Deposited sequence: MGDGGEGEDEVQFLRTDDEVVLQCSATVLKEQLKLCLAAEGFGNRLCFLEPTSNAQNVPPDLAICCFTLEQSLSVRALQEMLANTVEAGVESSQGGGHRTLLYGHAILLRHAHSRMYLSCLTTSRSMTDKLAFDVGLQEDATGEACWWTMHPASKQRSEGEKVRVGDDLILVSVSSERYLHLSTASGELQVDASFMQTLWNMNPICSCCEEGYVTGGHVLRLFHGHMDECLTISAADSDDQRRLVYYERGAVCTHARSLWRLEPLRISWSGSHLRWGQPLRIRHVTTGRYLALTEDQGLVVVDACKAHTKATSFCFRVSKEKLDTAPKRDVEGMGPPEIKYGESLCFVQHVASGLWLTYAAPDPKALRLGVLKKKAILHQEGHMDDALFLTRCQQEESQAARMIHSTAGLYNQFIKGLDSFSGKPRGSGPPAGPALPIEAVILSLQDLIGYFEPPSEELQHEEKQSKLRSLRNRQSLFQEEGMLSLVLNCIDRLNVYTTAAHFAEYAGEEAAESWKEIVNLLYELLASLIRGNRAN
């Protein structure tokens, strides 16, 4: 009934578009782009929203005097309290930025929780709540930046955005999960699906495969530690999507590094499909106890490791089965040994897998823009603008991410940090990040100078040509660095 600290939440607002209400969640990537944006959730039945980057953790909830004393150097939320919100993926903190996209400031994530910028005071939306009262689940609230004294605001030229404005917006701090039972599978969890005990898991193929990475397999060996075998369980009901999963409950299964959804198609059978084509009927599955014919955290039913689960496609009733590497299919009978167990991926690996997803998406966009004016000069590029700012920041972020530990650190800590670095390098390497970085280099090296690049791209885009190539070479080096 009440919101507490260390609860996972989403910040939701609503807007009227085409005489219909549209629910929107506060989202940010962090790496490559600090700025917050809005992720629509109303059309979930047709197109699944990108929720992994919508999740925030309530770090602290402090009174006015408690904040002031903290700046000089599980608790229930009360009105008047100032809260610190940590982004689940990037590990960064929601803040009011000093830059502007009007007397509004931009809203985004910052690297460190220092100063007032990352603090937001909670205020009642009506006379039904008062200062010092317990913040209840489902309450509309007003959020005020401690630094700028402005409201967290839904802005509208023709797009729906977030900023810090003197205009008010009502926000719903919807709980994703609360204290949940240990060892139980919940929504939003990133995991692996294992078949037997021979190091065999459900996966798509490696990068650059003739597959186009659309097919699903049972694969043995090194896959079991690679990013390509990681999946995100996404229940159809957005409310309490981070609640315990139940037998028979419909859910979508998202592939982390590609962002594609397990689906049944009329033409291809069992494949993995783009988000835009991942509608309920094709993409909805459930865990079953057997093959017999058939608003809170809820009852805990599915255990990690100990529970054996059959995967069923809901609309068709077909079972997930196999055709070492065996193709995964959907079949009316399947096989007697179809039952799978689940194992929870830890945060370093899951974080890395999402970073790869966004990194791949961004640089592939950058590559597509480069190919757009490949043999087309200007007298007016005139294709879509290259994501210069995002590419630069992405590059800088990954370089810092792959930075070796300081030689001044102690041996025990250094070795552990080196081991973590190697594992993180490996996950990127196995997802074809070297080739991808190289493809950017090779395409930019087609040009001899910045001025030559300006003859095909813009003069403004050419201003960052030398910087991007140098940062790419730097990332390339950091991806290879042995770090033994």
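So which bits of the deposited sequence did not make it into the model? Unmodelled stretches, in sequence order: 1-11, 85-97, 126-129, 185, 324-331, 361-371, 428-429, 535-536.
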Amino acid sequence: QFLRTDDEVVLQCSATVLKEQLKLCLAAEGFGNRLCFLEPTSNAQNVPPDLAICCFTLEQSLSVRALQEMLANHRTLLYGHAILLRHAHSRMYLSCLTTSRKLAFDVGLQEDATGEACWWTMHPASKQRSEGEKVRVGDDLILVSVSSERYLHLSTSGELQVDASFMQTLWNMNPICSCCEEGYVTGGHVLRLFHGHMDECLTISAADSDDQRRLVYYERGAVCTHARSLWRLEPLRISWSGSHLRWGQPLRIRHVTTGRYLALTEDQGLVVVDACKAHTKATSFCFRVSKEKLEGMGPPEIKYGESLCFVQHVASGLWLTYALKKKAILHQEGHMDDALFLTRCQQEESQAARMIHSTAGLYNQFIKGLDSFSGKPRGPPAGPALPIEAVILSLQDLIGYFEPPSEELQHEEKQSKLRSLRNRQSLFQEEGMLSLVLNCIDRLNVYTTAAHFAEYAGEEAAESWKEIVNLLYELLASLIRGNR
From here on, numbers count along this sequence of modelled residues.
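Check the entry's C-alpha temperature factors for 123-131 and 276-284, then say which stretch has the higher mean. Taking the mean C-alpha B-factor of 123-131 and of 276-284, the larger value falls to 123-131.
Averaging only over Cα atoms, indicate whether 84-92 or 339-347 has the higher B-factor in the PDB entry. It is 84-92.
Going by the deposited entry, which of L202, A227, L103, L395 has the highest CA temperature factor? Highest C-alpha B-factor among the listed options: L103.
By the CA temperature factor listed in this entry, which of these ranks top: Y447, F31, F37, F428? That would be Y447, according to the entry.
Is the Cα B-factor recorded for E149 in the lowest, middle or highest third of its chain? Within its chain, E149 is a highest-third residue by C-alpha B-factor, going by the deposited values.
Splitting the chain's C-alpha B-factors into thirds, which one does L26 fall into? As the PDB entry reports it, the C-alpha B-factor of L26 lands in the middle third of its chain.
Comparing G432 with the other modelled residues of its chain, is its CA B-factor in the lowest, middle or highest third? According to the entry, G432 has a C-alpha B-factor in the chain's lowest third.
Would you check the entry's CA temperature factor for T41 and let me know if it's in the chain's lowest, middle or highest third? For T41, whose C-alpha B-factor we compare with every modelled residue in the chain, the answer is the middle third.
Relative to the other modelled residues in the chain, which third contains the C-alpha temperature factor of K293: lowest, middle or highest? According to the entry, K293 has a C-alpha B-factor in the chain's middle third.
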